[PDB]
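Chemist: Below are the structure tokens for one structure; questions will follow.
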Amino acid sequence: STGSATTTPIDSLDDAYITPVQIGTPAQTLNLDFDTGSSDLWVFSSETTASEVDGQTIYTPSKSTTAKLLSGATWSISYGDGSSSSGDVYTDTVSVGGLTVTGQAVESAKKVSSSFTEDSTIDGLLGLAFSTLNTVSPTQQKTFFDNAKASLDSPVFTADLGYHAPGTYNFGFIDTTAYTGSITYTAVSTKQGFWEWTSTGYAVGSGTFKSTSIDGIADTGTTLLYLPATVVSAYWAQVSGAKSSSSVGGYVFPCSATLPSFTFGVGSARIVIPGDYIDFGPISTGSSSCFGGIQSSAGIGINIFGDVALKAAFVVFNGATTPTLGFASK
């Protein structure tokens, strides 16, 4: 089997991407944030504290003939941005782009943090990291990808995120028309539960490439590109007036600037992030200070190849017995 679904930016900045997902019988379609940096499929629901729901579409398990309470199971998760959610668990039929999993754990939110409430466009998350990170207790549950894997034509999914435009998540096949040149594959460590890999270096603009190992995760659920402070300083030094602002919470730059590109290495291959991808717009409405899309990972504990980086590439998440990651230009 295979599946193919379009993923759409939630706003004009590409702050996140939503993908429609069919849950239950008859189908209830919710728009979920596909997150290769976590491993829970959770949804706003009829169980979510009413004051914490503001415009989201909810899953109502009592209206699904295939929903079953997973008795005794609870979940609770915190994300890198400080957001969180928790609740109980159902199993139900879940389909993405024509690919169907029966018995998928659908984690029903009883509580969500304010950032989730305030984002009316995201109805929940669909985790695509390794199932070892799944938070369901006392019986850990599998991700949608893990449940689908054996049925897939090939044990892979791909992320093809658009810049200010829709893109595609495919399951079970590699669309050879969706990228240019060849796909370069690189080793993955699953020891922390993430799609963790080692970039071979970087360049800023038309500058020379610096060969240096950068361990990080491929995380579709993080907006920005978080890299070591040395790398980030070297990038922003090429933008007149750019500075790190403690009050704002990172690097800002004059909105009048033209940003240089940023290149990252994948083995001997190179992925170029155009400068425009690094512009996250005014820090507040009407400001002439703009927020940067490359920020320091200092204090995170790991580097994060978030959407800013991934959307410059066609990315293969290869879930074979020994997982790997592939990157192609597009």
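Residue numbers (the authors' numbering): 1 to 330.
For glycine and all other residues, C-beta sits at the position ideal for the given N, C-alpha and C.
#1: Would the region 114 to 133 count as touching the region 176 to 195 if we require 3 or more Cβ pairs under 8 Å?
#2: What is the C-beta distance between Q56 and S120, in whole angstroms, given that I count them as a contact (C-beta under 8 Å)?
#3: Leaving out five residues on either side along the sequence, give the residues of the same chain with a beta carbon under 6 Å from the beta carbon of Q22.
#4: To the nearest angstrom, how far is it from the Cα of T263 to the Cα of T222?
#5: Measure the alpha-carbon distance for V266 versus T25 and round it to whole angstroms.
#6: Let's test the definition: count the other Cβ atoms within 10 Å of the Cβ of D160 and tell me whether it reaches 16, buried, or not, exposed.
#7: Ignore the nearest five residues each way along the sequence and tell me which others in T258's own chain have a CB closer than 8 Å to its CB.
#8: Just verifying my parser: in three-state terms, what is the DSSP assignment at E47?
#9: Would you kindly report the start and end of the unbroken alpha helix (DSSP H) that includes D11?
#10: Quick check on the DSSP output: the alpha helix (DSSP H) that includes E118 runs from which residue to which?
#11: Taking the alpha-carbon positions, what's the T135 to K149 distance?
#12: Cα-Cα, which of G249, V89, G201 and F291 is closest to residue 343?
#13: As an exercise, report each continuous alpha helix (DSSP H) stretch of at least 4 residues that is fully enclosed by the region 223 to 250, in chain order.
#14: Hey, out of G292, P323, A237 and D33, whose CA is closest to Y169's CA?
#15: Which one of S84, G292 and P20 has the shortest CA to CA distance from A242?
#16: As a quick exercise: from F327, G281 and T324, pick the residue whose alpha carbon is nearest that of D14.
#17: Looking at C-alpha atoms only, which residue of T143, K311 and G205 is the closest neighbour of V106?
#18: Round the Cβ separation of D153 and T2 to the nearest angstrom and send it over; I've been treating them as touching at under 8 Å.
#19: Grab me the residues of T180's own chain with a C-beta within less than 8 Å of its C-beta, minus the 5 sequence neighbours each way, in chain order.
#20: Tell me the DSSP secondary structure of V308 in three-state form.
#21: Applying the criterion that 16 or more other CB atoms from any shown protein chain within 10 Å of the CB defines a buried residue, is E118 buried or exposed?
#22: If you draw a straight line from the alpha carbon of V248 to that of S296, how long is it in whole angstroms?
#23: For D40, which residues in the same chain have their Cβ closer than 7 Å to its Cβ, ignoring the five residues on either side in sequence?
#24: Could you pull out every residue in the same chain whose Cβ sits closer than 6 Å to the Cβ of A298, ignoring the five residues on either side in sequence?
#25: Is any non-hydrogen atom of the ligand ADP found closer than 7 Å to the C-beta of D33, if you look at the structure I gave you?
#26: Would you mind stating whether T19 and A218 have Cβ atoms separated by less than 8 Å?
#27: Which full runs of the beta strand (DSSP E) of 3+ residues lie inside the region 52 to 92, going along the chain?
#28: Under the DSSP definition of a beta bridge, which residues are partnered with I271?
#29: Apply the 10 Å Cβ neighbour rule to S246 and answer buried if 16 or more other Cβ atoms are within range, or exposed otherwise.
#30: Which residues does DSSP pair with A328 in a beta bridge?
#31: Along the chain, where does the beta strand (DSSP E) that runs through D35 open and close?
#32: Determine the closest residue to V232 out of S86, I294, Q141 and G97, with distance taken between C-alpha atoms.
#33: How is the beta strand (DSSP E) around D215 delimited, first residue to last?
#34: Mapping DSSP to helix, strand and coil, what is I300?
Modeler: Let me lay it out:
#1: yes
#2: 6 Å
#3: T29 and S95
#4: 19 Å
#5: 43 Å
#6: buried
#7: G275
#8: coil
#9: Segment: none, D11 is in no alpha helix (DSSP H) and carries neither H nor E.
#10: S114 to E118
#11: 20 Å
#12: There is no way to answer for residue 343, as the model of the chain reaches only from 1 to 330.
#13: 229 to 236
#14: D33
#15: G292
#16: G281
#17: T143
#18: 6 Å
#19: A328, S329 and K330
#20: helix
#21: exposed
#22: 13 Å
#23: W75, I77, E107, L125, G127, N134 and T135
#24: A229
#25: Summarising the ligand content, the structure contains no ligands, and the ligand ADP is consequently not present.
#26: no
#27: 68 to 78
#28: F264
#29: exposed
#30: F314
#31: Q28 to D35
#32: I294
#33: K210 to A218
#34: coil
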